[PDB]
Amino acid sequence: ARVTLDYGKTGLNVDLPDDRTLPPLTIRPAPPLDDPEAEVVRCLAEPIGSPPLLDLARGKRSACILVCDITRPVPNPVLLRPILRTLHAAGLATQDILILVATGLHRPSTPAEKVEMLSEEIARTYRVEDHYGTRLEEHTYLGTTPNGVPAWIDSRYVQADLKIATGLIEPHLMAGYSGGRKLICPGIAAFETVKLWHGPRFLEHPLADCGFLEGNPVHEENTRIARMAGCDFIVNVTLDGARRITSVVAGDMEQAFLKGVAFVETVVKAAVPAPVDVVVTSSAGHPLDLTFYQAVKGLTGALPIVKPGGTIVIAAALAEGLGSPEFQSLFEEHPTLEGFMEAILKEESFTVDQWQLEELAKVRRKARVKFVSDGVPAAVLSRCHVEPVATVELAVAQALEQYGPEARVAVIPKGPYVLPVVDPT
């Protein structure tokens, strides 16, 4: 059974045993939009739950447009050219318009990344700046939620007369789905906010997980925080496995987002009849699989269909390596995941990116992990609570020998962009 797993910029061609392997779990077919940019134009004229963007923008003196950073494969020019043309038609000059990269707590985008994200012409024609989550002085305090999270949001967005956000609706291991409100919290929120919102009091709950909005405390809270900042207009898209846009939603930050989620829920779920002992997955290739930090998403994404004590085999290119210095420091400070969890469950201290180690700890309570990558040497991966294995085919052979002849293999080529589920019926 030959399959191409997502892997860096290339894919990875794997051959899995026919007798042991279930049919691959894939996004359901939906027709790509032939001309998604023209659809964005139409949706800006007739949006969901808001005035047309042209009428909203007229008389506004300044605009701030939130865009995702490199880790999200948003086809930004498709969304931005319509927005920028409408703002021009509304009378805003280009100098009135700021594009703000909603990094969350990620490192800033590089000059080359801005070109990759936005296109060269857009990137040199409008001001493009990065959010810095550890610079509290660049944020404005908006209040504290009923659950005690202070809302600190980037001042360039707070001060803008017209607030716009763009993004991509995909499953997310903490917030259920990306998009909508998440461009604000945490996209332009300070560590003072994010350290609490990404704390164990949120992440240890079972529905802080892929595909859950209802019942997910993470989503309740980032929606509440985004409502405190406000957002006048969003444009969000969904993408199929080949990265073609399959839907566009525009308008009210909540109503448009929920319509996009309703769409993605019709295609993202891939069901199996029972969990299996071996799950082969990816980190969705470039650009998500740049770091081990992000590749944890492939591991959490596989959890619903792995049996307790099973093995997840993941392939990810890891072209940028492990991730932030702070994320890397946690492995040095806590040799075992149990000890790491004891430390963070005390709430005495907060470290940038600790939330992803908390998610890796959740994976490792349920499953072994075999990790296939050339971006990081085996000795380095072995210190990150995964077993480096030279090839996916070898890793699967090893797991099948360990579990015995009844074991089955599932495979998820697009990794965390699929929502695998067990349907016992």
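Numbering starts at 1 and follows the sequence shown.
**Q** Tell me which stretch has the larger mean Cα B-factor in this entry, 273-281 or 222-230.
**A** According to the PDB entry, the answer is 273-281.
**Q** Averaging the C-alpha B factors as listed in the entry, name the stretch that ends up higher: 52-60 or 361-369.
**A** According to the PDB entry, the answer is 52-60.
**Q** Have a look at 237, 188, 83, 242 and flag the one whose Cα has the highest B-factor in the entry.
**A** Highest CA B-factor of the listed options: 242.
**Q** Using the entry's values, work out which of 65, 70, 381, 41 has the largest Cα B factor.
**A** Answer, based on the entry's C-alpha B-factors: 381.
**Q** Among all modelled residues of this chain, ranked by Cα B factor, put residue 351 in the bottom, middle or top third, i.e. lowest, middle or highest.
**A** Answer is highest: the recorded C-alpha B-factor places it there.
**Q** Where does residue 293 sit by CA temperature factor within its chain: lowest, middle or highest third?
**A** It belongs to the lowest third of the chain when residues are ordered by C-alpha B-factor.
**Q** Compare the C-alpha B factor of residue 422 with those of the other modelled residues in its chain, then answer lowest, middle or highest third.
**A** Residue 422: CA B-factor falls in the highest third of its chain.
**Q** Within this chain, which third does the Cα B-factor at residue 331 fall in: lowest, middle or highest?
**A** For residue 331, whose C-alpha B-factor we compare with every modelled residue in the chain, the answer is the highest third.
**Q** Which third of the chain does residue 411 land in by C-alpha B-factor: lowest, middle or highest?
**A** Answer is middle: the recorded C-alpha B-factor places it there.
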